Each structure stands twice: as C-alpha cells, then as structure tokens.
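Just one chain is shown here, as structure tokens, and it is the form deposited without the named molecule.
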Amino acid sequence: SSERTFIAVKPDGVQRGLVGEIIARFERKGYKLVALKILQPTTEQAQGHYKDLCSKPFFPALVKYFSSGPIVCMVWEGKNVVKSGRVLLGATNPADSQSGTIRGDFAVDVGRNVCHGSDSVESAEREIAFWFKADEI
C-alpha cells in the first residue's frame, strides 16, 4: 500500500545511460515515484552507504567509486515494492543474476553493479531517511 523502497543508480549506471531504463521498469511494474534526485555523493555519504563494510578490505575503493560521479536516488511506492525491487534488480552479484533483470541485462562486476535496492522494509526506511528529507518525499 504505502510501502516504500529506495533505488539508486550508481555512477557507472548513470555514465552508461541506464537511468531511464531502470525508471521505466519500475513504471512498467505499475509503481509510483514519490522522490527523485541526482547528486554526486560526498565521501561521508558513500562511507555511510557501505557502512557495514567499514572494516573489510578495500572499503575506501568502494567509497571512492560511489562518490566518483553523480548517482540517481529514487523512492518507489506501492504494494510489495521492496520485494519487487529485488525481483527487478536481480541478484546483487551479476554472476548469480539472471537475464531479464537489471543486473542480469547490464551488470558484470560485483563491485560496480549499476544499481542498489533496499533488501528489506527495515533497510528501506533507514536508506530513505539518509538520502531524503521528509519534505522531499
């Protein structure tokens, strides 16, 4: 109903001109866009995104990539939008993703994988609050 999810087109996804493609697939699914913007994330913001990999190898490499160019931030809304989001995006690692999904169709690298989606309603609410102010939504 009023369930929401966060979708981000990463710098590689924007540079490859995949923004419209991704938006269109959520539109085709019948979902509603209630927040949308473009920004080059700050180092502090990228760190926040990969927050739980803080103590893993080459965490700065990921932060660097994530803030290397503008991304497109989105909030979609509708029944089961979070689950639909991962169905549409496909497996996080393109090696496991199948054809017909975003990563299946366009992604190869597991680091630079074109886009991100919340994996839960839990993570969604956190992610949306981080990138958007309440008035933007």
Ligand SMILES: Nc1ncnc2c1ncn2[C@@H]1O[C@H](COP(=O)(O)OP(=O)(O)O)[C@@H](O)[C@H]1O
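Don't overthink the numbering: it's just position in the shown sequence, from 1.
Separately, the form deposited with the named molecule bound exists; it is not shown, and the next lines address it.
- Shown alone here, residue 92 lies within 4.5 Å of the named molecule in the entry with it bound, counting heavy atoms only.
- Mapping the unseen interface onto this chain, residue 29 falls outside it, with no heavy atom inside 4.5 Å of the named molecule in the entry with it bound.
- Contact between residue 50 and the named molecule in the entry with it bound is found at the 4.5 Å heavy atom cutoff.
- Residue 33 falls outside the set of residues with a heavy atom inside 4.5 Å of the named molecule in the entry with it bound.
- The partner is absent here, but in the entry with it bound a heavy atom of 111, alone among 100, 69, 60, 111, sits within 4.5 Å of the named molecule.
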